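Notes for the one structure printed next.
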Amino acid sequence: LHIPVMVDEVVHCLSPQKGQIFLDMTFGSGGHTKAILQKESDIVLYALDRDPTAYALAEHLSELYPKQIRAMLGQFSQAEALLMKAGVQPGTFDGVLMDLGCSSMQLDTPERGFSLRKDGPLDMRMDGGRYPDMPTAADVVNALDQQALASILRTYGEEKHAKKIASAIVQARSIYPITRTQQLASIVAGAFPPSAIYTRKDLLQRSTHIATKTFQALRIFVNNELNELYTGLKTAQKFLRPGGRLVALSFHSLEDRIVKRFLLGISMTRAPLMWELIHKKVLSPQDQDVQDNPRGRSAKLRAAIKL
Amino acid sequence: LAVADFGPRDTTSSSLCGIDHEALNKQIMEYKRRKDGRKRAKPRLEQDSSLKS
RNA sequence: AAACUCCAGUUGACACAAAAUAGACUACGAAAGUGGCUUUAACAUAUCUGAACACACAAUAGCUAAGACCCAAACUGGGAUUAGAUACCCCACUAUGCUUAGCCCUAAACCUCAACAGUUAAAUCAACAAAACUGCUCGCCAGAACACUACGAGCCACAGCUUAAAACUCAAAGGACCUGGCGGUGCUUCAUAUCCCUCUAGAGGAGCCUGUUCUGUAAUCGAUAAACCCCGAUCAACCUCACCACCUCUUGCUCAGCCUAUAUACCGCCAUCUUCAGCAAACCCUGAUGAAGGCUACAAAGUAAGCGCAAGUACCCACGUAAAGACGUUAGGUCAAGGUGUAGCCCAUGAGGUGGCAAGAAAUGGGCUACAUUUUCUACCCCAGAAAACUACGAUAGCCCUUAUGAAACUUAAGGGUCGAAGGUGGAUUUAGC
Ligand SMILES: Nc1ncnc2c1ncn2[C@@H]1O[C@H](CSCC[C@H](N)C(=O)O)[C@@H](O)[C@H]1O
Ligand SMILES: [K+]
Ligand SMILES: [K+]
Ligand SMILES: [K+]
Ligand SMILES: [K+]
Ligand SMILES: [K+]
Ligand SMILES: [K+]
Ligand SMILES: [K+]
Ligand SMILES: [K+]
Ligand SMILES: [K+]
Ligand SMILES: [K+]
Ligand SMILES: [Mg+2]
Ligand SMILES: [Mg+2]
Ligand SMILES: [Mg+2]
Ligand SMILES: [Mg+2]
Ligand SMILES: [Mg+2]
Ligand SMILES: [Mg+2]
Ligand SMILES: [Mg+2]
Ligand SMILES: [Mg+2]
Ligand SMILES: [Mg+2]
Ligand SMILES: [Mg+2]
Ligand SMILES: [Mg+2]
Ligand SMILES: [Mg+2]
Ligand SMILES: [Mg+2]
Ligand SMILES: [Mg+2]
Ligand SMILES: [Mg+2]
Ligand SMILES: [Mg+2]
Ligand SMILES: [Mg+2]
Ligand SMILES: [Mg+2]
Ligand SMILES: [Mg+2]
Ligand SMILES: [Mg+2]
Ligand SMILES: [Mg+2]
Ligand SMILES: [Mg+2]
Ligand SMILES: [Mg+2]
Ligand SMILES: [Mg+2]
Ligand SMILES: [Mg+2]
Ligand SMILES: [Mg+2]
Ligand SMILES: [Mg+2]
Ligand SMILES: [Mg+2]
Ligand SMILES: [Mg+2]
């Protein structure tokens, strides 16, 4: 089981109260969405996700609360249009909870292709076939040249040896198609000597697979999470009420950079800033909680109020 | 400044990310359309035959 | 009015903290240290040397106990920064820095110069530092690393200090200097179409033309940062042709042949700095005759043939533009101009014939034509008349026809008809011009 990351902080931070309407741009499993519908029984909430499986969960969970939760499906960019069809263009949303990253269910189910440890089709796509033409990670690795493929790993994955892990993929694809997660992991791990398979260690000084970050890179480029994160934050601001508390959760510093600067009005690469950081601190969950849920160790919560 | 006359007084987010996500997305889609060291001697030790000649 | 306020300014009171200026002085003490004022006590030795351990000392940090606490400040917390920042930056605060009494006994504790005595004549002297040496004595050293380590022993020290090896391993380790390279290296002057700004027209967006890349194909090759990319080609329908498939020939157009490998064996011809001014034979002198160095014009060791620059010549001048431009740099480009060293093929890696390849899912370089009113069309070659937004501007593109060349043309070029698209002057960035 996966406990919602920093659920206690996010609930206190948004202080859901009667007469307030809230939005959730990443319903996913719904642990955070349900923790918010428990504190305030009179709350009004809107949900959204890129995964139709995640949107079905919300629809099934809508039975628990008929109207307090409203389920929606679509990307961050398509969220404004989807919500504009409802007609809440001003929105006056008291808070927008923009949780980020991959869902626990998405990466716990091997079929979805997100887990390198297990054996599933190399999808790595949050989309659940809602757009059957959306390229999957397998297509990205088999099509892009070394120079192009390196860029994805170098930036999205923070891959220092971008040229090395990219050449191996180009050679492997020519011999046979790259269609499975374990196949990709072996291809990336072959770039380095056999010792290097688990030499790299996590931020907690815990050994991890050498290709762990490589999968993150392909995950971000298949789902264009970074570009969709900029539009999602911008759309939230337009639909966010004045004096309304926004709360994001940047699992990695990479996406945190966009959240870090957007709230501070700093150039992603003068007019007055329009945000109030009630909870400036960007801190991981309690160390006691990190061990229980290591997946969320790097969760950096950036809260702000619209000005 | 005092003498001067002031008159009557009153486009892709891909670049921000750092990679051209759109062009690459097209490139993969286009592919999908078709789918469906050596030793160096010390200079001082270089051998010569001038004396032997 | 009123009381409250961490807070700030003036004034006054105020310490168990630290001691501007003098101090540009170079004193005192065994060293460590010692720089506010006064006072008391007081700075061993009428040969010299003499200890890891004896005797007595010994910065800072640190320990034990009791006090002080202004300010500073490990740690710690908070705020930034960062891919990360348990750093550098900001704020707060503690051990600690102070006093007392005990410990601890370490420093790049370094003038990196042992004490004492003597000399300035010899050779002045590896180098650098700090001129070179003599006598005498104690301490110490004997390749690097292991190793301020292990064990033993001693110690108020107990994560400590002192003394201090071995095994395995290596052919070096190391000192001083010189050159080159490099410096998120200093200073000063700089670049003239020039590094930035400034000036003009452009590229980067659109279509097309063309090159390359990638992909594709049974189907060349070379160039490919500046210094590749309308480049070898002042040029590929056959031929050209070196490529692919098939068939054929074997002393073969040649006293054979090979566009087979190697441009990292070369000649040949060039790119590049060069939009440079230097290269250097032969001598001479300096440094002890070391690697190295060689200039002062009121001149102090340089002289130099030669090459380049320059001069001269070409074009319309003595201007300008061409041309020229050494040595060397990039084992730069070319074995596919030709030739050629080495290696390889010789019924085949050679020769001939027939047909065929050279496309675009795309990306990108250069260019062309445009987006119009300083324009569009016609007359004219500058005193005109019309056009001027979905019948405008705009294709040199697509489609259809004709013509030219040729044996061969959906294919190449020219012309006509049809068609009338993107494009509405183009982000970062970027080219050229005195
Ligand atoms: N651009 C995007 N638009 C919408 N949903 C997105 C998205 N990028 C990611 N998501 C989804 O947002 C979720 C983030 S991870 C899961 C968080 C969720 N609150 C939970 O219940 O755990 C995933 O379901 C993911 O598929
Ligand atoms: K003083
Ligand atoms: K002794
Ligand atoms: K010293
Ligand atoms: K030097
Ligand atoms: K342009
Ligand atoms: K040559
Ligand atoms: K040749
Ligand atoms: K040859
Ligand atoms: K042949
Ligand atoms: K162009
Ligand atoms: Mg004595
Ligand atoms: Mg002694
Ligand atoms: Mg000692
Ligand atoms: Mg002491
Ligand atoms: Mg003390
Ligand atoms: Mg204190
Ligand atoms: Mg203080
Ligand atoms: Mg000292
Ligand atoms: Mg002595
Ligand atoms: Mg030794
Ligand atoms: Mg020591
Ligand atoms: Mg010891
Ligand atoms: Mg011992
Ligand atoms: Mg263009
Ligand atoms: Mg080619
Ligand atoms: Mg080549
Ligand atoms: Mg070559
Ligand atoms: Mg080159
Ligand atoms: Mg031909
Ligand atoms: Mg041949
Ligand atoms: Mg060469
Ligand atoms: Mg002249
Ligand atoms: Mg010239
Ligand atoms: Mg000349
Ligand atoms: Mg070469
Ligand atoms: Mg032929
Ligand atoms: Mg036409
Ligand atoms: Mg004819
Ligand atoms: Mg027209």
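If you're matching them up, the sequences are chains b and a in order.
The first sequence runs 71 to 339, 370 to 407 under the entry's author numbering.
The second sequence runs 197 to 206, 231 to 256, 278 to 294 under the entry's author numbering.
Every residue, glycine too, gets a C-beta built ideally from N, C-alpha and C.
Across the structure, b:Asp164 and b:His82 are spaced so that their CA atoms are roughly 14 Å apart. Taken through DSSP and simplified to helix, strand or coil, b:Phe163 comes out as strand.
Rounded to whole angstroms, the gap between the alpha carbons of b:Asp94 and b:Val166 is 6 Å. Taking 8 Å as the CB threshold, a:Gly238 lines the interface with chain b. For b:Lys109, the enclosing alpha helix (DSSP H) starts and ends at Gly101 to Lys109.
Between the alpha carbons of a:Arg254 and b:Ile239 lies a gap of roughly 20 Å. Excluding five sequence positions before and after b:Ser99, the CB atoms of its chain that fall closer than 6 Å to its own CB belong to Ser173, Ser174 and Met175, given in chain order. Around b:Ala208, the same chain offers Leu192, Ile248 and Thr249 as residues with beta carbons nearer than 7 Å, after the five sequence neighbours per side are excluded.
Annotated three-state conformation of b:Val114 is strand, per DSSP.
DSSP, reduced to helix, strand and coil, places b:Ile248 outside both helices and strands of the structure shown, so it counts as coil. In terms of beta-carbon proximity, b:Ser320 stays away from the interface with chain a, with every pair separated by 8 Å or more. In terms of beta-carbon proximity, a:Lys252 lines the interface with chain b, with at least one pair separated by less than 8 Å. Non-local beta-carbon contacts of b:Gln286 in its own chain, meaning distances under 8 Å to residues more than five positions away in sequence, involve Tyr226, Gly227 and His322 in chain order.
Around a:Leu244, the beta-carbon contacts reaching into chain b at under 7 Å are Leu214 and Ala218.
Apart from the 5 residues on each side of it in sequence, a:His241 sits with its Cβ closer than 7 Å to the Cβ of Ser234 in its chain, given in chain order. Neighbours of b:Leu296 in chain a, taken as residues whose beta carbon is under 7 Å from its own, are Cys237 in chain order. Between b:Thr103 and b:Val114, the alpha-carbon positions lie close to 11 Å from each other. Taking 4 residues as the minimum length, the alpha helix (DSSP H) runs contained wholly in the region 248-309 of chain b are 251-260, 282-292 and 295-309, in order along the chain. Secondary structure at b:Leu219: helix, using DSSP grouped into helix, strand and coil. Taking a cut-off of 8 Å on C-beta distances, the region 396-405 of chain b touches the region 375-385 of chain b, as three or more cross pairs fall below it. Within chain a, no residue has its beta carbon less than 9 Å from that of b:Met154; the closest one is some 20 Å off. Listed along chain a is no residue with a C-beta nearer than 9 Å to that of b:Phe184; the closest approach is about 19 Å. Using beta-carbon distances, b:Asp78 does not count as an interface residue toward chain a, since no partner is under 8 Å. In this structure, the straight-line span from the alpha carbon of b:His231 to that of b:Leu223 is close to 9 Å.
For b:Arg331, the enclosing alpha helix (DSSP H) stretches over residues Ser323 to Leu334.
Within the same chain, and ignoring the five residues on either side of b:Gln145 in sequence, the residues whose Cβ sits closer than 6 Å to its Cβ are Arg120 and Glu298. By the neighbour-count criterion, in which a residue is buried when 16 or more other Cβ atoms sit within 10 angstroms of its Cβ, a:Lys293 is exposed. Proximity of a:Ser291 to chain b, defined by a Cβ-Cβ separation below 8 Å, is not satisfied. In the structure shown, the three-state DSSP call for b:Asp78 is helix. Residue contact check for b:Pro205 against chain a: a CB pair falls below 8 Å.
Beyond the five residues adjoining it in sequence on each side, b:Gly314 comes within less than 7 Å, by CB distance, of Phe163, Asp164, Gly165, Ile405 and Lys406 in the same chain, given in chain order. Interface with chain a (8 Å Cβ-Cβ cutoff): b:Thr179 is excluded.
Buried is the label assigned to b:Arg140, since at least 16 other Cβ atoms lie within 10 Å of its Cβ.
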